[PDB]
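> Let me begin by handing over the structure; questions about it come next.
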2 protein chains.
Amino acid sequence: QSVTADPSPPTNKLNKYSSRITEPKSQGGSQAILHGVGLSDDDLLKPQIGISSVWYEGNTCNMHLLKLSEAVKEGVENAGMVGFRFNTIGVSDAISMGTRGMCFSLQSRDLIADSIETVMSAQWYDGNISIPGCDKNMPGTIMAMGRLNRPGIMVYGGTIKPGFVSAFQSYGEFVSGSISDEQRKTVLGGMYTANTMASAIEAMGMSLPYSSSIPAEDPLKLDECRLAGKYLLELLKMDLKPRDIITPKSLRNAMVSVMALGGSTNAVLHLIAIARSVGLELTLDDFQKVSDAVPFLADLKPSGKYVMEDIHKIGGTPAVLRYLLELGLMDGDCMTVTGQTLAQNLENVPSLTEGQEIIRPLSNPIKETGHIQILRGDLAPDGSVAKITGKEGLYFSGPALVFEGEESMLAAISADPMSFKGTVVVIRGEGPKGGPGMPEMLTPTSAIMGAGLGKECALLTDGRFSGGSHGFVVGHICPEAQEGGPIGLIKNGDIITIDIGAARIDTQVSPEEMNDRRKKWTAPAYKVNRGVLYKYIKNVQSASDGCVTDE
Amino acid sequence: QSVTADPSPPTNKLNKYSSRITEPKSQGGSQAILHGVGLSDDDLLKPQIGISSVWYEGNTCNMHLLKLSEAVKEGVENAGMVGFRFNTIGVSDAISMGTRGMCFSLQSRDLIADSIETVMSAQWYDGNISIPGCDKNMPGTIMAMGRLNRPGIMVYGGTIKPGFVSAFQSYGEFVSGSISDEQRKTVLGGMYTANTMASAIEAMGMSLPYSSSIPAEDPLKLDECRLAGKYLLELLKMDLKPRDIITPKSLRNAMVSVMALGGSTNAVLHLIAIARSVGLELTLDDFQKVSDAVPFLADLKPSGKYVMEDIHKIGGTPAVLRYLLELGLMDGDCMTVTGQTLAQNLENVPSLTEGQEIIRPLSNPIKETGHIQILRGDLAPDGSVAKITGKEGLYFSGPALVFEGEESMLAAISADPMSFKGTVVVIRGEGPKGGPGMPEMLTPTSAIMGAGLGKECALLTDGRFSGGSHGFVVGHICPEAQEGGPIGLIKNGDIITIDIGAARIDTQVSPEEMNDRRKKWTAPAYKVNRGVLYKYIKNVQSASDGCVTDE
Ligand code: FES
Ligand code: FES
């Protein structure tokens with residue numbers, strides 16, 4: 001699809017965009033500012049690289065990205081190019097989890113895409129090198145490269161080596177009586193959104209090999225930063241652009257890595273948004289097809305025992321992708337940011353170390369199909385997402401326990417946990433527009449497990465859940481309750497039946513009484529009327545569409 | 001008006017917001033990350049200050065803001081508080097002037113407001129210290145403080161001392177024959193948007209005294225940065241919030257400083273957007289009233305001879321505001337970020353140095369009324385803005401010469417400059433939605449002057465012009481041509497009459513034929529369908545509304 005968003009270049013030149021301001025004499029004012037920032041007359045002939053970091057001091061996953069940004073600029077200069085560093089904003093989910101600040105989390109991804117797109121277009125930079133952290137910005141930088149279609153490389157900031165979930169669990173164990181206060185003070189990584197997206201983006205071919213597996217402050221991470229300029233100079237010579245690297249086949253390669261590694265359900269939203277940014281289509285059914293074709297082979301947290309550094313020891317992400325390619329699960333002809341295809345990159349990487357117990361064989365997988373399950377039915381007619389380990393059974397049925405927010409659900413389970421036994425808990429009003437921002441909720445699952453109701457109740461929402469309750473936990477239910485979807489018409493006592501085999505969330509209420517409720521339903525007032533969250537409400541699409549905001 | 005946008009605090013505490021994550025035991029995961037970034041147990045009791053810089057390496061007006069940000073964090077720590085630095089994006093108009101990159105300029109102001117609002121809300125910071133550059137971001141930081149209504153101080157980065165307009169003029173003089181190529185290479189400050197907004201925001205009371213007049217890399221600028229934490233600690237003790245400082249009277253104080261200093265017409269858009277962010281109203285008529293009440297007394301560029309450093313020598317901005325206050329033009333009871341009122345701040349500042357020839361007396365002003373004129377009429381029924389020196393006469397009439405963009409106007413004046421003689425030049429399709437982004441255009445005025453047609457033709461647009469042509473130059477014409485306003489119905493040969501006395505832009509075409517054209521008019525297709533500029537088209541209001549996007 002023809003994506004018209006950003007300026008076009010004014011053929012074998014390496015400064016196709018920066019020559020708009022460095023070569024014409026009518027742009028003498030642009031050259032004077034470039035002379036002011038330190039560019040010589042010979043510098044005006046070189047390509048200009050926009051170096052976009054997501055550095056801020058309020059998160060361990062971003063506090064050291066300015067160091068990486070400085071090494072990237074040095075590598076760009078060593079490649080004979082000009083480096084212009086700029087920095088965008090970012091928020092920490094570990095800080096805001098459990099508060100209204102989570103309403104600002106998911107929208108920051110689209111804010112970051114708009115930020116990099118804005119600077120790259122106004123300053124006429126030729127290429128981009130983005131450095132996101134081990135938080136959840138990553139897809140935002142890829143979305144910006146897709147809009148611009150200028151050569152770019154994503155440098156993952158790296159995952160912090162092990163010493164947040166243990167610190168979040170501390171309050172539950174303290175209240176339950178497992179640990180004391182002192183043990184709680186002492187407590188105060190795996191395949192979550194950060195490691196899922198980094199590994200998927202590398203499998204997508206938009207990050208250099210080993211980028212997703214090298215730890216944060218490993219000396220090799222700085223070495224990767226100083227080499228990004230060399231690879232990007234090659235991409236400018238070939239004019240290998242993001243829309244040449246992000247194809248339906250590379251999109252499937254990223255989906256394969258998510259299913260094989262047990263990636264987060266947030267990858268559904270992010271990969272759909274990334275696919276839309278290059279004019280491609282990616283539906284929930286595409287995820288079910290890849291899920292039913294790729295087995296779970298990865299004994300990593302939260303589902304398993306190991307973390308990302310353990311992957312790094314046994315050969316890193318390229319060793320894992322080499323194994324999947326040898327099993328015929330990935331398309332190796334896809335071009336990458338190395339100037340070569342995926343198979344040419346993987347042909348000369350050390351295989352998984354002998355005797356590794358992280359990556360299971362095809363003979364003995366953790367699960368024969370993928371963890372991601374797309375569920376529809378009467379209550380989620382437009383789709384929903386759930387993480388299924390295969391060990392919880394195929395069915396669950398029970399009366400509905402409906403809550404209009406995460407807060408009222410936590411006050412009920414605290415005051416009467418036994419009234420939750422055998423129920424299908426519905427936390428609605430948490431979607432992209434009703435939240436707003438579609439917040440991620442970790443406390444509902446933890447409170448259910450701390451009450452001893454892990455396998456004795458289900459959990460549905462039009463928002464997002466972080467962890468699993470060893471039962472049935474479903475999110476992304478579309479249409480959301482704010483939009484008048486069936487999830488907004490459920491009443492207490494309604495018998496809800498989840499069928500994993502049929503991939504349906506159904507209600508015993510007849511479709512005629514369901515339509516009777518719909519005719520009487522009025523939309524609740526928006527929780528905000530100003531600010532960035534109100535613009536999100538005015539712009540965001542549904543969860544099944546990746547919550548894109550620019551369509 | 002009740003502005004509901006950002007989270008509310010969970011009374012005499014100084015950490016009203018950060019205590020949401022530092023004090024509850026259910027937020028143990030938030031405290032672990034805070035321990036990871038270096039906070040001790042005693043640090044969890046202190047207020048948390050969000051330090052938002054607009055640093056990037058591609059502009060002289062922002063390349064040194066990281067140094068200021070580091071000094072601000074040191075001052076915050078010296079005041080016994082915690083400082084969290086984060087950085088947002090920003091674009092340079094001097095780089096993108098004359099290119100399609102200017103379409104991304106004005107929208108970056110609203111992008112910056114969304115950026116700071118996002119970080120402050122998710123991280124639960126108690127206060128803010130923003131450091132914008134001598135580009136045009138400044139109102140964006142104030143808009144974010146108004147949405148949050150948490151104590152905040154704006155630290156102006158400072159204006160660069162004199163060695164861009166001379167570099168932009170170089171091509172015109174080279175083509176005309178005034179200078180050669182070598183003289184042009186050698187060439188490759190005043191009251192423009194940066195100095196206008198900084199001085200207006202200081203007069204508004206949201207910047208410490210002398211902030212707008214101290215040069216960029218003056219040693220006193222670092223001293224101001226290290227003192228912002230002390231003043232903000234006082235604002236937290238008084239709980240003096242932006243909506244206590246930004247009032248209808250302080251809004252008028254900023255408007256008075258714009259009229260007295262001959263500020264840019266962009267201050268109309270920015271001050272309206274700032275007023276909306278605190279739930280207040282500010283119309284174009286309010287600007288005409290202040291304009292007709294405050295005389296132009298300021299011999300500064302581009303209208304005069306001197307620059308901002310000359311103001312700094314004769315006493316800086318506080319000396320100018322003290323003079324206006326003594327003439328009874330400003331309300332001195334307005335609270336400021338110093339914990340005191342404007343009059344208490346100005347009572348003990350050195351007056352204008354004896355013998356200064358920059359600030360004219362009330363007896364001999366440069367202009368008896370303000371430079372800003374609000375024009376309406378048949379062609380701008382919803383308003384328009386123009387800068388009037390008072391020396392160009394009251395009337396202009398001529399046949400219309402219509403262009404659907406800046407590019408087609410420059411190709412015509414280059415090929416046939418004499419066909420412009422005596423015409424009313426109309427460059428339409430450059431508004432907030434038709435541009436898109438409402439770009440600023442400097443080349444139309446320069447090409448008209450270089451052709452010797454400065455006083456022999458007029459200039460109208462639904463976008464923005466930067467400089468004056470010594471004639472009649474009008475922008476912000478509402479409704480814009482994309483919205484089907486009368487500016488989009490003008491045909492070549494239409495007699496347009498500008499009447500400054502009546503404040504009207506009228507056409508000789510009867511209102512019946514005007515409505516005949518309107519019934520046949522169809523909206524042109526949007527120039528983009530994806531990206532941040534398409535979200536701008538979906539969100540932006542009219543120019544008379546300040547081009548706000550969150551309503
Ligand atoms: S805040 Fe970085 S992974 Fe959650
Ligand atoms: S780019 Fe800074 S004032 Fe224009």
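Chain labels A, B, ... are given in the sequence in which chains occur in the structure tokens; within each chain residues are numbered consecutively from 1, and ligands are likewise numbered from 1 in the order shown.
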Need to verify the contact set: residue 349 in chain B, 12 Å, only C-alpha atoms, exclusion of same-chain residues closer than 4 positions in sequence. Can you return it as a list in words?

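Those residues are residues 209, 210, 314, 315, 316, 317, 318, 319, 320, 321, 322, 323, 342, 343, 344, 345 and 353 of chain B.
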
> Mind listing as a ChimeraX atom specification which residues of chain B are within 7 Å of chain A, counting only C-alpha atoms?

/B:3-5,7,25-26,28-33,36-37,55-60,84-91,94-96,100-102,104,114-115,118-119,121-123,147,164,167-168,170-171,188,528-535,550-551

> Kindly export the residues of the current selection with C-alpha atoms, as a short mmCIF file (atom, residue, chain, number, x, y, z; two decimals), in the first residue's frame.


```
data_model
loop_
_atom_site.label_atom_id
_atom_site.label_comp_id
_atom_site.auth_asym_id
_atom_site.auth_seq_id
_atom_site.Cartn_x
_atom_site.Cartn_y
_atom_site.Cartn_z
CA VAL B 3 -9.24 20.31 32.55
CA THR B 4 -9.22 16.54 33.18
CA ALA B 5 -6.11 15.05 31.59
CA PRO B 7 -3.55 11.80 37.32
CA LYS B 25 3.96 -1.32 50.08
CA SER B 26 1.85 -2.46 47.12
CA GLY B 28 7.34 -2.53 45.97
CA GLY B 29 8.23 -3.03 42.32
CA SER B 30 8.38 0.73 41.79
CA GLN B 31 10.75 1.13 44.75
CA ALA B 32 13.06 -1.61 43.45
CA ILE B 33 13.60 0.23 40.16
CA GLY B 36 18.23 0.40 40.83
CA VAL B 37 18.74 3.95 39.54
CA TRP B 55 18.66 18.76 23.48
CA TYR B 56 19.76 17.62 20.04
CA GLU B 57 22.97 18.03 18.06
CA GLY B 58 21.43 19.29 14.81
CA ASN B 59 20.84 22.87 15.92
CA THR B 60 22.99 25.58 17.48
CA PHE B 84 15.30 12.73 36.97
CA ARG B 85 16.50 14.01 33.59
CA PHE B 86 14.64 13.16 30.40
CA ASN B 87 14.84 14.65 26.93
CA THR B 88 12.29 15.30 24.19
CA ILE B 89 12.65 15.99 20.46
CA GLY B 90 12.78 19.31 18.60
CA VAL B 91 13.29 20.64 15.07
CA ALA B 94 16.54 27.57 10.17
CA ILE B 95 17.48 24.16 8.76
CA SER B 96 14.13 23.29 7.16
CA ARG B 100 8.70 20.44 2.99
CA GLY B 101 10.36 19.77 6.36
CA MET B 102 8.75 22.99 7.60
CA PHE B 104 6.74 19.34 10.80
CA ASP B 114 2.45 15.47 24.88
CA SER B 115 5.98 14.21 25.59
CA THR B 118 3.52 11.58 29.27
CA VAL B 119 6.70 11.21 31.33
CA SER B 121 2.28 11.38 34.56
CA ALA B 122 3.70 7.86 34.28
CA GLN B 123 6.67 8.44 36.60
CA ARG B 147 -2.11 20.27 31.76
CA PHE B 164 20.61 33.21 10.12
CA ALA B 167 22.74 33.75 5.59
CA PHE B 168 19.24 33.33 4.13
CA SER B 170 22.82 35.65 0.83
CA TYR B 171 21.25 33.76 -2.09
CA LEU B 188 27.52 31.30 5.77
CA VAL B 528 -0.64 12.68 3.45
CA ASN B 529 -2.50 9.58 4.59
CA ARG B 530 -0.16 8.23 7.31
CA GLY B 531 2.25 9.42 9.95
CA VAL B 532 2.32 12.26 12.45
CA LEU B 533 1.20 14.86 9.88
CA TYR B 534 -1.99 12.89 9.20
CA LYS B 535 -2.71 12.78 12.94
CA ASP B 550 -6.29 18.03 22.21
CA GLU B 551 -9.84 19.40 22.18
#
```

> Write out as an MDAnalysis selection string the set of residues from range 419-457 of chain B that DSSP, computed on the backbone, places in strand (DSSP E).

chainID B and resid 424:427 440:441

> Skipping near chain neighbours, those fewer than 4 positions away, what residues fall within 12 Å of residue 151 in chain A using only C-alpha atoms, listed as a VMD selection string?

chain A and resid 14 to 17 47 to 50 120 125 to 130 142 144 to 147 206 to 207 228 to 229 231 to 246 336 to 339

> Taking 5 positions as the minimum chain separation for residues in the same chain, which residues sit within 9 Å of residue 211 in chain B when counting only C-alpha atoms? Answer as a list in words.

residues 154, 155, 156, 157, 158, 198, 199, 202, 221, 224, 316 and 317 of chain B

> What would the file look like if the residues just selected were written as a PDB file, in the first residue's frame with N, CA, C and O atoms?


```
ATOM      1  N   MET B 154      10.343  27.162  33.858  1.00  0.00           N
ATOM      2  CA  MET B 154      10.963  27.102  32.541  1.00  0.00           C
ATOM      3  C   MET B 154      12.287  27.854  32.576  1.00  0.00           C
ATOM      4  O   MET B 154      12.326  29.035  32.939  1.00  0.00           O
ATOM      5  N   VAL B 155      13.362  27.172  32.198  1.00  0.00           N
ATOM      6  CA  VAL B 155      14.688  27.769  32.100  1.00  0.00           C
ATOM      7  C   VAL B 155      15.006  27.932  30.621  1.00  0.00           C
ATOM      8  O   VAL B 155      15.278  26.949  29.921  1.00  0.00           O
ATOM      9  N   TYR B 156      14.962  29.172  30.141  1.00  0.00           N
ATOM     10  CA  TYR B 156      15.300  29.454  28.753  1.00  0.00           C
ATOM     11  C   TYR B 156      16.771  29.143  28.505  1.00  0.00           C
ATOM     12  O   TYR B 156      17.640  29.539  29.288  1.00  0.00           O
ATOM     13  N   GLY B 157      17.048  28.420  27.419  1.00  0.00           N
ATOM     14  CA  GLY B 157      18.419  28.063  27.097  1.00  0.00           C
ATOM     15  C   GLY B 157      19.306  29.250  26.788  1.00  0.00           C
ATOM     16  O   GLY B 157      20.534  29.136  26.876  1.00  0.00           O
ATOM     17  N   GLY B 158      18.720  30.381  26.436  1.00  0.00           N
ATOM     18  CA  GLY B 158      19.484  31.569  26.124  1.00  0.00           C
ATOM     19  C   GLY B 158      19.654  31.761  24.629  1.00  0.00           C
ATOM     20  O   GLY B 158      19.733  30.803  23.851  1.00  0.00           O
ATOM     21  N   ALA B 198      10.273  33.687  24.952  1.00  0.00           N
ATOM     22  CA  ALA B 198      11.034  33.676  26.198  1.00  0.00           C
ATOM     23  C   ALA B 198      10.730  34.913  27.033  1.00  0.00           C
ATOM     24  O   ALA B 198      10.518  34.822  28.248  1.00  0.00           O
ATOM     25  N   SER B 199      10.701  36.083  26.393  1.00  0.00           N
ATOM     26  CA  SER B 199      10.385  37.312  27.112  1.00  0.00           C
ATOM     27  C   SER B 199       8.932  37.325  27.569  1.00  0.00           C
ATOM     28  O   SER B 199       8.623  37.820  28.659  1.00  0.00           O
ATOM     29  N   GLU B 202       8.611  34.901  30.573  1.00  0.00           N
ATOM     30  CA  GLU B 202       9.145  35.530  31.777  1.00  0.00           C
ATOM     31  C   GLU B 202       8.182  36.581  32.315  1.00  0.00           C
ATOM     32  O   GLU B 202       7.919  36.638  33.521  1.00  0.00           O
ATOM     33  N   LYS B 221      23.979  31.897  33.011  1.00  0.00           N
ATOM     34  CA  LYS B 221      22.945  30.941  32.629  1.00  0.00           C
ATOM     35  C   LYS B 221      23.095  29.635  33.399  1.00  0.00           C
ATOM     36  O   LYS B 221      22.098  29.049  33.838  1.00  0.00           O
ATOM     37  N   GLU B 224      21.797  30.299  36.849  1.00  0.00           N
ATOM     38  CA  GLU B 224      20.342  30.189  36.891  1.00  0.00           C
ATOM     39  C   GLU B 224      19.904  28.731  36.925  1.00  0.00           C
ATOM     40  O   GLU B 224      18.944  28.377  37.620  1.00  0.00           O
ATOM     41  N   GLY B 316      18.587  43.942  30.916  1.00  0.00           N
ATOM     42  CA  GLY B 316      17.858  42.715  30.659  1.00  0.00           C
ATOM     43  C   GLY B 316      16.352  42.917  30.641  1.00  0.00           C
ATOM     44  O   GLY B 316      15.828  44.027  30.721  1.00  0.00           O
ATOM     45  N   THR B 317      15.648  41.791  30.525  1.00  0.00           N
ATOM     46  CA  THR B 317      14.188  41.825  30.509  1.00  0.00           C
ATOM     47  C   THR B 317      13.572  42.408  31.780  1.00  0.00           C
ATOM     48  O   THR B 317      12.620  43.199  31.655  1.00  0.00           O
TER      49      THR B 317
END
```

> Under the rule that only C-alpha atoms and all ligand atoms are counted, which of B:416, B:440, B:43, B:545 is the nearest residue to ligand 2?

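Ranked by minimum distance to ligand 2, first place goes to B:440.
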
> Once DSSP has gone over the backbone, tell me which residues of range 155-241 of chain B are in helix (DSSP H, G or I), as a PyMOL selection string.

chain B and resi 165-176+181-187+193-204+219-238

> Would you please work out which residue, of B:194, B:179, B:358, B:300, is nearest to ligand 2 when using only C-alpha atoms and all ligand atoms?

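Ranking B:194, B:179, B:358, B:300 by distance to ligand 2, first place goes to B:194.
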